[PDB]
Amino acid sequence: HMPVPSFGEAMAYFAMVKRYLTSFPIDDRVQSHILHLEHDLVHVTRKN
Amino acid sequence: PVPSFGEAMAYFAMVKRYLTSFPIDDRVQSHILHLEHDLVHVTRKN
């Protein structure tokens, strides 16, 4: 029901998700989860 | 300037809508679910 963004929009939004999450004390598992999703966003796009 | 929890969930929603507009498999799917859990539970815990 929420909009489907373009790639650049999605990455802008993802930057804000990361800004939110890292505003809290963050364990290494959360950091890893951020870095994995960021990677998927770039590389799914690159391949698709 | 840090988003509110609601803005965070909105930006994440749109990030998810983007990723799911592609065929993704189970690995990428599990990465979505891991971060959606962190957003709610990091917030809840703090």
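Letters A, B, ... mirror the listed sequences (proteins, then strands); counts begin at 1. All values below come from the heavy atoms of this structure, side chains included, with hydrogens, waters and symmetry mates left out.
- Looking only at heavy-atom pairs under 4.5 Å with chain B, the residue among A/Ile26, A/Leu41, A/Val44, A/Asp27 that has the most is A/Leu41.
- In this structure the side chain of B/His41 reaches within 4.5 angstrom of the side chain of B/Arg44, judged on heavy atoms.
- With a 4.5 Å cut-off on non-hydrogen atoms, B/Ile32 touches chain A through its backbone and its side chain both.
- No part of B/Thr20 comes within reach of chain A, as not one of its non-hydrogen atoms sits under 4.5 angstrom from that chain.
- The hydrophobic clustering, which links ILVMFWY residues whose side-chain heavy atoms are closer than 4.5 Å, places A/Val4 and B/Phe22 apart.
- When heavy atoms are compared at a cutoff of 4.5 Å, A/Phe14 approaches chain B by way of both its backbone and its side chain.
- For the set B/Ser21, B/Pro3, B/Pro23, the count of heavy-atom pairs under 4.5 angstrom toward chain A peaks at B/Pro3.
- Each of B/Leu33 and A/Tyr13 belongs to its own hydrophobic cluster when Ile, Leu, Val, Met, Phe, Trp and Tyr are linked at side-chain heavy-atom distances under 4.5 angstrom.
- With a threshold of 4.5 angstrom between heavy atoms, A/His39 does not approach chain B through any atom at all.
- Counting heavy atoms of neighbouring residues, nucleotides and ligands inside a 6.0 Å radius, atom CG of A/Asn48 exceeds 12 of them.
- Using a 4.5 Å cut-off between heavy atoms, B/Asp38 contacts chain A through both its backbone and its side chain.
- Aromatic ring orientation, B/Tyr18 versus A/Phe7: parallel (interplanar angle below 30°, classes split at 30° and 60°).
- In this structure the side chain of B/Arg17 never reaches within 4.5 angstrom of the side chain of A/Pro3, judged on heavy atoms.
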